[PDB]
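Inspection log for the structure reproduced underneath, given as structure tokens.
In what follows, chains carry the letters A, B, and so on, assigned in the order in which the sequence lines appear, proteins first and then strands, with residues in each chain numbered from 1.
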There are 2 protein chains.
Amino acid sequence: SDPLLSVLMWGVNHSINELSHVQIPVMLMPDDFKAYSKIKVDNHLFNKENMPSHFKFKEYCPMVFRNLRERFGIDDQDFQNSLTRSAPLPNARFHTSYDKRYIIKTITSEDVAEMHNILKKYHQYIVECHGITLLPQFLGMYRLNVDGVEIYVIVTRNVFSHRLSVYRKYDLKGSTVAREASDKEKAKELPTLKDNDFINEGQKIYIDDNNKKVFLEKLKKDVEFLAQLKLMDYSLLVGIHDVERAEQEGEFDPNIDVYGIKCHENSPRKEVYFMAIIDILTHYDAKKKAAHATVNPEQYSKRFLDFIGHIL
Amino acid sequence: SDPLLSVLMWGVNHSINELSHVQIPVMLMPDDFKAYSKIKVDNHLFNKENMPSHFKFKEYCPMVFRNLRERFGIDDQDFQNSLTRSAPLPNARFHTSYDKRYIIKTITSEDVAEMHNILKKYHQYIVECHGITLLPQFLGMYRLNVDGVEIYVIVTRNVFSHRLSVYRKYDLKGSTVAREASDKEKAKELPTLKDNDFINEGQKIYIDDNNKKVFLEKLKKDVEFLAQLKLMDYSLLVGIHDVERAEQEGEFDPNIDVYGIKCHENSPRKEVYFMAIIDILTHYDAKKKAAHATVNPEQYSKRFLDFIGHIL
């Protein structure tokens, strides 16, 4: 239906098949972080029903992302299946793989330049923490061209569960500036609530002290890493699965729903939480470029950690 | 090893996979005879071991050749397997699929223009005779580019058997001009003998009168079709399999070795023959272009049929 979507699927299919033939070494070389693969297709009077007639597909740093997927426990055949067996669904734009495992977000060429800028340090951080992190798990990055339109996409692991539905959803920054959902927003089906909605509506997260301490330790290292790269304006995304409400119309695989945390036994309701850092690709400078048409990366870091520290 | 060979294999693999997704109708449209598919690949600092870094692959009239392969009883998955599972072997240049089913010949852009010129009438002739013909069975036509070198290839069904080895081999034109193998040639391992070697060495083909009559009827229609398109300078290729000599160091599947004809029961030796027309792409004009640096297409036709008429 959507031609840019068909190119992406075609492109991912192609990219994984190509890599299935490559010998994968344990390590990445400096060149791998500068590598890419380009395919340009021209069909004249042929294959009109499936694909656009003229398109380009570019994959950035294929070896680095192949390395990352494995580190994040993701098999290439499964990634391929999730993205190609049936179209991703819409809901900048984002799409979800038909099986709800992966998110595909459309980003700017500026975002792509920034991703390239941090990719090596991101990778080393992922190595250092053995892939145990609240940061986005970046799984692939592509450029799509279909006759006049060029778009860039990044693929991440879904923060939420692929099985367990989320009934309530928060986006927290811990900003001094008043963050609150709009009244038009508060009436969307699955709204995206913000910092005020949390402080105001006395939302509680019922997790035991061991899960709480582990979470905040992870969070601390992650946010310090982000501050260090002068990145800011990211959020904690928090989703809540109500086991009772799901039975009306609750265990999860922690190897697929990696961000899940069960509630403790004294929780007022049987709840599963999914919490992760999202939206990291705003460099201090790029935020100023969107503002033109007082708090820095270091401040943002502390503000963020205090707030999350308080709410759990 | 040979990069042009790797591109071809990669290209055929790609082409068949693409077509596996297309809905194949029973008929071809006029546009199908003008169609093509182009892929241009650029790998920067990636995948150096398997493939050249920069290459192009073009497939001419993919739907027509998909239609032809099925008409000639060839499944797309098998064609793909034969051409990609292991490299074709060398022996203008020609190559043989590792399983000996298909021949890959390198041809000029002039040959490609001529193939395009007759492709539609070739196809209609193949329809008319239900694929029962001594003409080459054209299965695919491609253009390969690897950094500075451009080559064109055509794929045909092997005249000879994929199982049964050929010990003697003739190329017959029935020309008034003296055709004979060279004395340097006559000492090659599996030499390519010609018209004189046949008349001179009293070669006999021991086939019964029913097989003989059927063969010559086919031959007659085929050569008339060729004369009609002003094509000439083609040969009858004749290969002989000696069942005895093959046991020293003999039935065949007529659905794979389609050009095979068993000897009759009174043959001095247990022999299988493989006979077919080859090398059809010389148009009257193109032969004159190679001669510059008396007999026409109609004459050639008669000369050819008389000679083959005499030798069986």
Side-chain angles (χ1 to χ4, degrees), chain A residues 6-7 9-11 13-25 28-30 32-33 35-38 40-48 50-67 80 84 86 116 119-120 140-143 145, chain B residues 6-7 9-11 13-25 28-30 32-33 35-38 40-48 50-67 80 84 86 116 119-120 140-143 145:
Chain A
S6 306
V7 165
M9 294 169 68
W10 183 93
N13 190 57
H14 182 84
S15 142
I16 304 305
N17 289 335
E18 287 307 275
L19 283 157
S20 74
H21 300 301
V22 184
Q23 268 273 93
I24 306 303
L28 291 177
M29 287 289 97
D32 290 322
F33 294 86
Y36 58 74
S37 185
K38 270 157 90 178
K40 183 184 188 275
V41 168
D42 297 293
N43 290 330
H44 178 62
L45 305 175
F46 168 61
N47 198 8
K48 233 94 176 198
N50 300 346
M51 289 301 286
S53 290
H54 305 263
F55 64 89
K56 290 181 206 174
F57 183 80
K58 182 183 182 171
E59 176 174 23
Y60 298 100
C61 308
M63 295 293 291
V64 182
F65 289 103
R66 169 56 182 82
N67 191 283
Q80 169 183 51
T84 63
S86 161
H116 259 99
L119 181 60
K120 162 111 76 142
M141 185 165 70
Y142 316 100
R143 185 188 75 188
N145 298 80
Chain B
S6 306
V7 165
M9 294 169 68
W10 183 93
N13 190 57
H14 182 84
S15 142
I16 304 305
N17 289 335
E18 287 307 275
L19 283 157
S20 74
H21 300 301
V22 184
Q23 268 273 93
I24 306 303
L28 291 177
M29 287 289 97
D32 290 322
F33 294 86
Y36 58 74
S37 185
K38 270 157 90 178
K40 183 184 188 275
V41 168
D42 297 293
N43 290 330
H44 178 62
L45 305 175
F46 168 61
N47 198 8
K48 233 94 176 198
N50 300 346
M51 289 301 286
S53 290
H54 305 263
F55 64 89
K56 290 181 206 174
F57 183 80
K58 182 183 182 171
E59 176 174 23
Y60 298 100
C61 308
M63 295 293 291
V64 182
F65 289 103
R66 169 56 182 82
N67 191 283
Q80 169 183 51
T84 63
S86 161
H116 259 99
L119 181 60
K120 162 111 76 142
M141 185 165 70
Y142 316 100
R143 185 188 75 188
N145 298 80

Would you compute the distance between atom [atom1] of [X] and atom [atom2] of [Y] and round it to the nearest 0.5 angstrom?
X: B:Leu45; Y: A:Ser37; atom1: CG; atom2: OG; answer: 11.5 Å
X: A:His21; Y: B:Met51; atom1: NE2; atom2: CE; answer: 10.0 Å
X: B:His14; Y: A:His14; atom1: NE2; atom2: NE2; answer: 7.5 Å

task: Could you pull out the closest heavy-atom pair between A:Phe46 and B:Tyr36, with the gap in Å?
output: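 Distance-wise, the nearest heavy atoms are CB-O, 4.0 Å.
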message: If the test is side chain to side chain contact (heavy atoms under 4.5 Å, CB included), which one of A:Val41, A:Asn47, A:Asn50, A:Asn43 qualifies with B:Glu18?
response: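 Testing B:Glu18 for a side chain to side chain contact (heavy atoms under 4.5 Å, CB included) against A:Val41, A:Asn47, A:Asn50, A:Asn43 leaves exactly one candidate, A:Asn47.
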query: Partners of B:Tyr142 by ring pair (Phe, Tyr, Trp, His ring centres under 6.0 Å), sequence neighbours excluded?
result: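 Scan of B:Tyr142 (ring pair (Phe, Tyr, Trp, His ring centres under 6.0 Å), adjacent residues dropped) gives B:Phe57.
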